[PDB]
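Novice: Can you keep this structure in mind? I'll have questions shortly.
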Amino acid sequence: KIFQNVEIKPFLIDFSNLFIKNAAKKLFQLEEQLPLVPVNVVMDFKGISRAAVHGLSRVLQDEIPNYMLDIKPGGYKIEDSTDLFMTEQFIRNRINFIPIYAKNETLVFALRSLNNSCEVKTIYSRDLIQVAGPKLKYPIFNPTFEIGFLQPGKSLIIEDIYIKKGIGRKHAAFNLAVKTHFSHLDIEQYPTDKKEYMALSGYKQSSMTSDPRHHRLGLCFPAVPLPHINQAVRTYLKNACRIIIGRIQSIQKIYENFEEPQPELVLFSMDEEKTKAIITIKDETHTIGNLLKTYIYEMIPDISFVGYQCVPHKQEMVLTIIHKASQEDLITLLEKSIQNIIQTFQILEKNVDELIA
Amino acid sequence: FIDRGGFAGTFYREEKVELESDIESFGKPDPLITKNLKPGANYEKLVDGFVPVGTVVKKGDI
Amino acid sequence: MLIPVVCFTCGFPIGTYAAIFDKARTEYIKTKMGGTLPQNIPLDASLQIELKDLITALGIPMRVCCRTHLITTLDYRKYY
Amino acid sequence: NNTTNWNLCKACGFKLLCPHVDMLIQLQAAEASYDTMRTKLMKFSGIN
Ligand SMILES: [Zn+2]
Ligand SMILES: [Zn+2]
C-alpha cells in the first residue's frame, strides 16, 4: 500500500464577509459557489523513493496533457473589432490562461461584445457564447473572469475559439497542478524559529546523506466541478501514472533492440571487463532520467557509474551507465529496473483507485 | 512567467515613405514593364500599393 | 491592463476572483479612508488598510505571489 | 534550344551550354554595359 491517507479540500468563497457578499451579489448576482473551484489534494506516500514522488509531481505540473482555449488564425475579426486597446495579443493571452475542464475538443466558442453605452464596458467570461459542438450541461469555465474592456462606441468580435491540447512544458497555459506542499515525513526537523537554526533548511539530515522514503505532497488543481471533485482529482492522478509508464515503456523499446544498431543506445566494452551504456533520448526531462538513475542504482548497489545528464541547450537526456558485467547482463538489469518502475506506478494506480471513493 | 505575460508587450515601428510630385506613384509593379525589381522579393502581398492591415510581413516582402 | 487571469509566478486562477476583489476593496477603503482626499490616500501616514481577511474570504490561499499580484496589479480602466 | 532547358552536345549527348551563357558571351563581346547586361538577362531570371 504505497499511497495512503489522501485528503481533498476545495477552495470556496466565504460569504460571511459583507464586502465580498455585496460585491459578488451586485456584480455577478452571485450568492452561492462558482461552478468550478480550485481543489487542494494532500497525499501521503510510504515505501517509495522521492524520485518517483517528484516525477509524479512534475508530470502533474507540466508534463500531463491538458486543454486550453485558443483562437484560430483569422478568428480575431479586424473588420468588426473597432476597439483600439484590446489588441489580439492581449485578448488571446487572457483567453489562453482561463482554466477549463473540458469534455471534448469539438466545442467552439465566440465572443461578440458591442458597446452601445457611453461608459467603458467590461467584457467578462460569461460573454463567451458556445457556437459549435454539443450543448453544455455544465460550464467548463467560471463566468467571473475579466476578458477585457471596451471604450464607449467600440466593439470586439472574435470567432473560432476552440479547445487546444498540449503539455505544460511547451507552453505554460497547459500547466495543470500548482505546488502547495512537499515534505519528508521520515526525517526529523529542527525548530527553525530559533536564531541558531534559521539559516538551515530544518531537516536533521543532510541531503547529501539522507534517503527519505515517506513523503507528503500537496498539489492544487485550478478548475474542478463542485459535484464531481472526487471523480476529477482521481482521474488526474491516474492520468499522470499512465503518462510516466508510457514514457518509461519507450525506453523499454530501446533496450529490447540492443542487438541491432540503434541511434539512441550505444554499448562499449571497456577494460577490466567493464561495459558502458549510453542512452540519448531527445525531448526528455529530469523526471525520466532521475527515475532511471534511482532504480538502476537500487537494482545495482555496486554499480561503477550512473548519471542522467539532461542538457538545457541540447534538449536531450543522456543516461550513462558503467558496470562491471557483460552487455547481456547489463541489459537484463536495465529491463529489471524498468519493470520495477512499471510495477511501482501500477501499484500507484491501484492505490489511487482504492483511496478516493 | 514569460508565457503568462511577464514583461510582455508590443513593440512598434513606422515606415514613412514620400513621393516625388507627379513622377512617382503608389501601386503594385508588374514584372514585364518595371525594371530592376529587387531579387528575392514578394510583390504579391501589395493591395493597391500597400500591404493590407493585419497580415504578417516577413523578410523580403515588399 | 487588468489583474491577470492567473498568477504570474505559479498560475493560480487569480482572475476568477479578481473583479470582486476590486470592487469590494473600494468599500473597505471607504470605511478606512477618513476625512482625506482620495489622491492623498498613499500619503495619509495614519492608515492601516489591511486586505488579508478580504483575500482570505475570497478563498485565495496564503501564497505570497498570488496575493502580491492580486493586490499590486494596476488597472488601465482606472487611469484612462 | 532558345529557353527553359540546356543545350545538348550532338557529338556525345550530355549538356553543352546554357542559353544565358551564350547571350552573356554575345553581350560581353558586344560592348554591353552592366546595366544593359543585367536587364537583358532578365528573361533567364530564376525562381520567382
Ligand atoms: Zn501564485
Ligand atoms: Zn560533347
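Going down the list, the sequences are from chains C, B, H and J. When we follow PDB author numbering, the leftmost residue of the first sequence carries the number 3, and every step to the right adds one. When we follow PDB author numbering, the leftmost residue of the second sequence carries the number 871, and every step to the right adds one. When we follow PDB author numbering, the leftmost residue of the third sequence carries the number 1, and every step to the right adds one. When we follow PDB author numbering, the leftmost residue of the fourth sequence carries the number 434, and every step to the right adds one. For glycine and all other residues, C-beta sits at the position ideal for the given N, C-alpha and C.
1. Pull up the CB-CB distance for C/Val180 and H/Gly11, whole angstroms please, since I reckon it's below 8 Å.
2. Taking contact to mean 3 or more Cβ pairs, one atom from each stretch, closer than 8 Å, check whether the region 891-908 of chain B and the region 24-38 of chain H are in contact.
3. Give the residues whose C-beta lies closer than 5 Å to at least one heavy atom of ligand 1, in chain order.
4. For C/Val268, list the residues DSSP reports as bridge partners.
5. For C/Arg96, would you say it is in contact with chain H, using Cβ-to-Cβ distances shorter than 9 Å as the test?
6. Starting from C/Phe111, follow its DSSP beta bridges and name the residues at the other end.
7. Just mark C/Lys27 as buried or exposed, buried being the case when its beta carbon has 16 or more other beta carbons within 10 Å.
8. Tell me the DSSP secondary structure of C/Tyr238 in three-state form.
9. Between the C-alpha atoms of C/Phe47 and C/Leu58, what's the straight-line distance to the nearest angstrom?
10. Decide if B/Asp918 is buried, meaning its Cβ has at least 16 other Cβ atoms within 10 Å, or exposed.
11. Quick check: the region 129-146 of chain C against the region 96-108 of chain C, are there 3 or more CB pairs under 8 Å?
12. How is C/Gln317 classed by DSSP in three states: helix, strand or coil?
13. Please identify, using Cβ separations under 7 Å, the residues of the region 79-111 of chain C that lie next to chain B, in order along the chain.
14. Looking only at its chain, what residues have a beta carbon closer than 8 Å to the beta carbon of B/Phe920, apart from the 5 residues adjacent to it on each side?
15. Which residues count as close to ligand 2 when the rule is a CB under 5 Å from any of its heavy atoms, in chain order?
16. Do B/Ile893 and B/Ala911 come within 9 Å of each other at the CB atom, strictly closer than that value?
17. May I have the straight-line CA-CA distance separating C/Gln233 from B/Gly930, to the nearest angstrom?
18. Decide yes or no for the touch test of the region 153-163 of chain C against the region 64-78 of chain C: beta carbon pairs closer than 8 Å, at least 3 of them.
19. Would B/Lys905 count as contacting chain J if we go by Cβ distances under 9 Å?
20. Rounded to the nearest angstrom, what separates C/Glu34 and B/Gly876 at their Cα positions?
21. Hey, C/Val43 and C/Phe223: beta-carbon distance below 9 Å or not?
22. Give me the Cβ distance between H/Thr16 and B/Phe871, rounded to the nearest whole Å; I'm assuming they're in contact under 8 Å.
23. From which residue to which residue does the beta strand (DSSP E) around C/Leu221 run?
24. May I have the straight-line CA-CA distance separating C/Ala104 from C/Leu62, to the nearest angstrom?
25. By DSSP, does C/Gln341 sit in helix, in strand, or in coil?
26. Under the DSSP definition of a beta bridge, which residues are partnered with C/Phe307?
27. Quick check: the Cα distance between C/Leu228 and C/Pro37, rounded to an integer number of angstroms?
Specialist: This is what the structure holds:
1. For the purposes of this step, residue 180 of chain C is identified with residue 178 of the first sequence, where counting begins at 1. For the purposes of this step, residue 11 of chain H is identified with residue 11 of the third sequence, where counting begins at 1. 6 Å between Cβ atoms; contact.
2. no
3. H/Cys7, H/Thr9, H/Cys10, H/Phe12, H/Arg63, H/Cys65, H/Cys66
4. Stepping through the first sequence from its first residue, residue 268 of chain C is reached at position 266. C/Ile280.
5. Indexing the first sequence from 1 puts residue 96 of chain C at position 94. By this cut-off, C/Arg96 is an interface position.
6. Counted from its first residue, the first sequence places residue 111 of chain C at position 109. Answer by DSSP bridge pairing, in chain order: C/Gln132, C/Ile163.
7. Looking up residue 27 of chain C in the first sequence gives position 25. With fewer than 16 other Cβ atoms within 10 Å, it is exposed.
8. Numbered from 1 along the first sequence, position 236 holds the residue referred to as residue 238 of chain C. Three-state result, C/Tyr238: helix.
9. If you number the first sequence from 1, residue 47 of chain C lands on position 45. If you number the first sequence from 1, residue 58 of chain C lands on position 56. If I take the Cα positions, the gap works out to 11 Å.
10. Numbered from its first residue, the second sequence carries residue 918 of chain B at position 48. Exposed: under 16 other Cβ atoms inside 10 Å.
11. yes
12. Here residue 317 of chain C refers to the residue found at position 315 when the first sequence is read from its first residue. It is coil, neither helix nor strand.
13. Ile80, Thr89, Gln91, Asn95, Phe99
14. Locating residue 920 of chain B in the second sequence gives position 50, where the first residue counts as 1. For B/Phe920, where only same-chain residues beyond five positions count, the Cβ hits under 8 Å are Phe896.
15. J/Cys442, J/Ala444, J/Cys445
16. Position 41 of the second sequence, counted from the first residue, corresponds to residue 911 of chain B. Position 23 of the second sequence, counted from the first residue, corresponds to residue 893 of chain B. Against a cut-off of 9 Å, the Cβ pair of B/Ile893 and B/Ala911 comes out as no contact.
17. Position 231 of the first sequence, counting from 1, holds the residue named residue 233 of chain C. Position 60 of the second sequence, counting from 1, holds the residue named residue 930 of chain B. Each residue's alpha carbon lies about 54 Å from the other.
18. yes
19. Taking the second sequence and counting its residues from 1, the one referred to as residue 905 of chain B is at position 35. So yes, B/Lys905 belongs to the interface.
20. Here residue 34 of chain C refers to the residue found at position 32 of the first sequence. Here residue 876 of chain B refers to the residue found at position 6 of the second sequence. C-alpha separation (whole angstroms): 33 Å.
21. Looking up residue 43 of chain C in the first sequence gives position 41. Looking up residue 223 of chain C in the first sequence gives position 221. Taking 9 Å as the Cβ cut-off, C/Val43 and C/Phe223 qualify as a contacting pair.
22. Position 16 of the third sequence, counting from 1, holds the residue named residue 16 of chain H. Position 1 of the second sequence, counting from 1, holds the residue named residue 871 of chain B. In fact, because the Cβ distance is near 20 Å, the residues do not count as touching under 8 Å.
23. Here residue 221 of chain C corresponds to residue number 219 of the first sequence, with the count starting at 1. 216-227 is the extent of the beta strand (DSSP E) around C/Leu221.
24. As a position in the first sequence, residue 104 of chain C is number 102, starting the count at 1. As a position in the first sequence, residue 62 of chain C is number 60, starting the count at 1. Looking at the two C-alpha atoms, the distance is approximately 17 Å.
25. As a first step, residue 341 of chain C is located in the first sequence; it is residue number 339 there, counting from the start. Helix, per DSSP.
26. As a first step, residue 307 of chain C must be located in the first sequence, where it is residue number 305. Paired residues: C/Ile324.
27. Locating residue 228 of chain C in the first sequence gives position 226, where the first residue counts as 1. Locating residue 37 of chain C in the first sequence gives position 35, where the first residue counts as 1. Spanning the two alpha carbons is a distance of roughly 6 Å.
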